[PDB]
């Protein structure tokens, strides 16, 4: 077919400085593409507000030549007034480079000697050139190769592009139903050179994959339990320094044990909702750990609970707002009980009982001790699994990956000149990358 031309504008509204006090008490921003409003920020405090809000405008129509920002005042005395504004032509934005500048503000109204102030905006105006998908065929075949040599090299060359490369690679392997090959091989290599407590490519791939595949396991296991804790008024406090007097610490500990027992049972039963691919990846984690440490017979449960509980379940109990569990913030009593439940679930997932560092928590130890074997059995059965699939814009993501190859070509060249089994494929990757660039030039030359 023909070349795809995709325009995008990312805007970061950071803060404003010395807004006129005579007109601003709760300033907020209106964002326009040309003169058409497309978004707005929240209302912030005072004359020097800080927003730090990001806006992504993908697939810009070809007639967008600028973005404008208008600063209004959120008030109830009248309709919100349009006070100040700036404008920025897209022609001043270097394509692909993220700019960071303060803009002197203009006015919709006479200011009569009052200084307008400034507005700090970060802006990235990008242009993607995407060939038809068939042109990336050989490129795609080299990436989906079974030993992932190109994947290894791309992780080594991307220092700060950890999250972007992971996002693009994850969507590509998901599109090709090969997310198991990607995640299992990288997790196995990660265990082979040691765990997982470092922010590696394997950890952020598992984090992105689990945020996309385990959302309804978390809901089915935690929503009902946390809802009951949200409307509750019975305390679970055990620290004698935080106990308002006339409180029986034994009723509080009894209530905590009833909460933990019902929630732990709910987690064990909601396990059936986990998708089989994620469970298969958990079993591969267990096999890789068993290969490396056949003597650490406890490690096979440690490696799984670190993802299921330490990274997924326990932070969802602590911060249930960021997981679409509950929109309303917890009560101070509900927050305290949630923290106590999370600490207990964490220690149970680690197969350890509270110690002399938390002497007030020893009342949960009998519950933890009697459930440790249930937790071991729960995790071993988790990985006990030996079109409706999630797709993406394949050509777009392949084009984005090729751009990363082009920008890191010389460091990938250093990589191809090292001894190992990855040598030939990295040489092919370089040849394919230059060929794709030559052909992108041909599409651009013929309009």
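Numbering follows the first chain given and starts at 1.
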In this entry, is the chain continuous from residue 224 to residue 225, or are deposited residues missing in between (none, 1 to 3, 4 to 9, 10 or more)? none
Check the entry and tell me how many residues of the deposited sequence have no coordinates between residue 386 and residue 387: none, 1 to 3, 4 to 9, or 10 or more. 4 to 9
Averaging the C-alpha temperature factors as deposited, the higher value of 315-323 versus 149-157 falls on 315-323
Is the mean CA B factor in the deposited entry higher across 298-306 or across 239-247? 239-247
From the list 83, 334, 184, 88, select the residue with the highest C-alpha B factor recorded in the entry. 334
277, 192, 350, 118, ranked by C-alpha B-factor: the highest one: 192
Where does the C-alpha B-factor of residue 66 rank in its chain, lowest, middle or highest third? lowest
Third of the chain's Cα B-factor distribution that residue 366 belongs to, per the entry: lowest
Could you say whether, by C-alpha temperature factor, residue 421 belongs to the lowest, middle or highest third of its chain? highest
Third of the chain, ranked by Cα B-factor, where residue 135 sits: middle
Comparing residue 45 with the other modelled residues of its chain, is its CA B-factor in the lowest, middle or highest third? highest
